[PDB]
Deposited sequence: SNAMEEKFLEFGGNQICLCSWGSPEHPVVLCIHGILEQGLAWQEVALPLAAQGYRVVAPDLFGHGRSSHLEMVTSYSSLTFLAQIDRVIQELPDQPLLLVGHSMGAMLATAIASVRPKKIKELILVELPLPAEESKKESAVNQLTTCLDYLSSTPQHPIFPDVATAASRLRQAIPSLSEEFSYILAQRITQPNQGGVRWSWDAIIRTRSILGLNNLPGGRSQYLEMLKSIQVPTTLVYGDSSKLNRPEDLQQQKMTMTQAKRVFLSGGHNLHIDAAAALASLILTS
């Protein structure tokens, strides 16, 4: 029943893999979104594991218990894609179910476009549309100044404060689950605790984590190119996608099934059971 954790070496760093279920069972590979962690999948993972699946959810670099990258420029969608590809390499050589949430869904789309034989079904939860289109020089200046900044996390009195922060951000989290999440990504410091994920990732837009290595044009190509059965899952009260954004996705991924669940952006929390059932279908 309980989550297991193991580390896998990659590129001089360590990837923390969270898993639930029997190691001999068919794999559901789940990719979390920005600032989250593999444990965020727990409410989806438990009913899947109960039905005979092995659920595997890596912490992306800089998140959860995975290594922070010592050189800031190593944080890129390309690095996360290589990380996920390495995780797949470590899993059994059978087509698996691939699920991604938000940034995780963008990553999953790229992985499914590159490794179609490995992907039995693709489930894209709250897929974002890339930014549409100022000068590259001014972009580059902002980026280089950001990379040299040395962002720090605030000091909370205790883990309970951190858990309350997570519940403010995702009101459907139980007190228990908010604490289980917060304790895994806090560390003692300066007489209290602070987040233990890499502070540099909090301005993901400037780091380019909102886009794939080839930019928007690579992303739109990918969406239409996906060869594997796919379901687009959205929260019926999410504000991630405007109506025109939903239409852009529907008109690009014309072969994808589309499902709306009861919840906002954070459907892995808001509608965990419904999402697990969807994956089981």
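Asker: Which parts of the deposited sequence lack C-alpha coordinates?
Answerer: Seq positions lacking coordinates: 1, 135 to 137, 286.
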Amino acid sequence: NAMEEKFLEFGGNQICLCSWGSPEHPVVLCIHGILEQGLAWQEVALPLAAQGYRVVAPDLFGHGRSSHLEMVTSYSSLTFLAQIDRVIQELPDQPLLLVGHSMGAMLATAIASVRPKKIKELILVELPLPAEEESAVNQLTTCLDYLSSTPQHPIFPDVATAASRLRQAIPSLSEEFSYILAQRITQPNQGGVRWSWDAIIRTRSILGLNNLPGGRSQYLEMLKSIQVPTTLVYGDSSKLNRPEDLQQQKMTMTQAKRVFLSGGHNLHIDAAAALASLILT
From here on, numbers count along this sequence of modelled residues.
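Asker: Give the stretch, out of 172 to 180 and 99 to 107, with the larger mean C-alpha temperature factor in the deposited entry.
Answerer: Taking the mean B-factor of the alpha carbons in each, 172 to 180 is higher.
Asker: Do the C-alpha atoms of 241 to 249 or of 33 to 41 have the higher average B factor in the entry?
Answerer: In the deposited entry, the stretch with the higher C-alpha B-factor mean is 241 to 249.
Asker: Highest Cα temperature factor in the entry, among the options 190, 164, 74, 83: which one is it?
Answerer: When the deposited C-alpha B-factors of 190, 164, 74, 83 are compared, 190 is largest.
Asker: Could you say which of 116, 92, 154, 128 has its CA atom at the highest B factor, as listed in the PDB entry?
Answerer: Answer for 116, 92, 154, 128: 92, with the highest C-alpha B-factor.
Asker: State the tercile, meaning the lowest, middle or highest third, of residue 225 with respect to the CA B-factors recorded for its chain.
Answerer: Tercile = highest for this residue's CA B-factor.
Asker: Going by what the PDB entry lists, where does residue 145 fall on CA B-factor within its chain: lowest, middle or highest third?
Answerer: Middle third of the chain for residue 145's C-alpha B-factor.
Asker: In terms of the chain's CA B-factor thirds, is residue 218 lowest, middle or highest?
Answerer: Its C-alpha B-factor belongs to the highest third of this chain's values.
Asker: Would you mind checking where the Cα B-factor of residue 121 ranks among the modelled residues of its chain, as the lowest, middle or highest third?
Answerer: For residue 121, whose C-alpha B-factor we compare with every modelled residue in the chain, the answer is the middle third.
Asker: Ranking every modelled residue in this chain by its Cα temperature factor as given in the entry, which third contains residue 205?
Answerer: Middle third - that is where residue 205 ends up once the chain's C-alpha B-factors are sorted.
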